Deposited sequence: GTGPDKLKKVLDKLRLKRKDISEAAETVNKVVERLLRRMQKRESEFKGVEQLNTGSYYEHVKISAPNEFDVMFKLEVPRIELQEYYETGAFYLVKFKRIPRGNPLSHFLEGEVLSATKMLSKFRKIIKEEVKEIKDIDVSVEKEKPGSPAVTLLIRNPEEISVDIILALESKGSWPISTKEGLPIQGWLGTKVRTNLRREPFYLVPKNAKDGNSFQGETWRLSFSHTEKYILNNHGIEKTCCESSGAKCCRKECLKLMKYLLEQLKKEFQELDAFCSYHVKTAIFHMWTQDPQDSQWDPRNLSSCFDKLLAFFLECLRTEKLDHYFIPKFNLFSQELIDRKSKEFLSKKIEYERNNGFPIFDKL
């Protein structure tokens, strides 16, 4: 039943190679342009992120996420009104994006965007354009057409190599699951800042950046067991990723049908399951034979998050992704009724 759904959701090697070969050409070309004729983004490095590179992309290989990360030493952060996740950056190639020592996200994103657009114009063996800028998005989104519509988000990121900001001190609670050595090593990796980029008429709007832990999330997805052999060729398979896929599909299906659910996103699902993985750390609590129970307990957990208006960021405990300020109580109650319905009627929306 749920196994037959996962069969449908499974990507096909044919579609994967056709998608990947075209995506790599465009990314490769954009990346080379960044390290050229004294461009402000010379030295920028590529880091593949998101569902496709975590092997939890469902249905089709039609959306890819790439981080163009730039190392910036000597930066100091100021936390933006105790939000936990938003910061001003302060201190040179990047001199054109400054204003009284404060690095403007929107100025930097604009030039980044301008360059990409120019480079996309010079591609004439692929049908590829740049999507209209959505406010509140750090991404420059490319729309490719070959066998299929394919989205690529190119995400500008500042890379800092110092210790993670204090707001994350109590985050990443993997001690009982992946352990203290994994946590210490992960926290020795750099942290990343992407441009917030909203037009919410607030102070420091265009100079605000948001933390990103996509690199850490990637490691976790691909190293997700308490046993080192979880899902390896001499280990036992778990159903952790399969649950993620199923929850992701439920949300996508609902989202494409109801615009009441615009505020919700797959990152909500990803964050919830990270908490569940912490709560149930044993690989045996994610046995393939117990896919139904496992999926069901995930749904149950997500409903509790919705009811209590509380789903803390996994890395930044005080940043509540389900705050009244972010998502209306009505939106949450709408999604609760929709989830509850599917759960109690055999998930009819899986058959669409």
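Residues of the deposited sequence lacking C-alpha coordinates, counted from 1, fall in the stretches 1-5, 97-102, 364.
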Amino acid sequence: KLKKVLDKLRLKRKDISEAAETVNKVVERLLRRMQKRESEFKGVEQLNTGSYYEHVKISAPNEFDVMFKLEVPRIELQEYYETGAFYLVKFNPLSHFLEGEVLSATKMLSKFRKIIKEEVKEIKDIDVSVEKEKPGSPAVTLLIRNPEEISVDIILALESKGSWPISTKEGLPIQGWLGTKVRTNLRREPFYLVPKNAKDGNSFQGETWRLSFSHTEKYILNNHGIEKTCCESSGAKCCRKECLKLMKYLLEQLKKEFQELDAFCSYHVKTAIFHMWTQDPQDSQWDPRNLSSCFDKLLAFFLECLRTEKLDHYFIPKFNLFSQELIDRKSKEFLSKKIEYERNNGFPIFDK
From here on, numbers count along this sequence of modelled residues.
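Rigid core (definition): largest C-alpha set, two forms, superposition within 1.5 Å.
In a rigid core superposition of the other structures in 7 other deposited structures of this protein, 273-281 and 115-123 differ in how far their CA atoms stray, and the farther one is 115-123. Two stretches, 182-190 and 77-85, are weighed by how far their CA atoms sit from the shown form in 7 other deposited structures of this protein after rigid core superposition; the farther one is 77-85. When 321-329 is weighed against 51-59, 321-329 comes out higher, by mean CA B-factor as recorded in the entry. Between 221-229 and 119-127, the higher mean Cα B-factor belongs to 119-127.
The residue among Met247, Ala157, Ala198, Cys265 whose C-alpha atom has the highest B-factor in the PDB entry is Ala198. The residue among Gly136, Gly171, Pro281, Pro190 whose C-alpha carries the highest B-factor in the deposited model is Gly136.
Annotation for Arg74: CA B-factor lies in the highest third of the chain's modelled residues.
Annotation for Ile316: C-alpha temperature factor in the lowest third relative to the rest of the modelled chain, per the entry.
Among the modelled residues of its chain, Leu306 has a C-alpha B-factor that falls in the middle third, as given in the PDB entry. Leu98 sits in the highest third of its chain by CA B factor, as recorded in the PDB entry. Sorting the modelled residues of the chain by their CA temperature factor places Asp65 in the lowest third.
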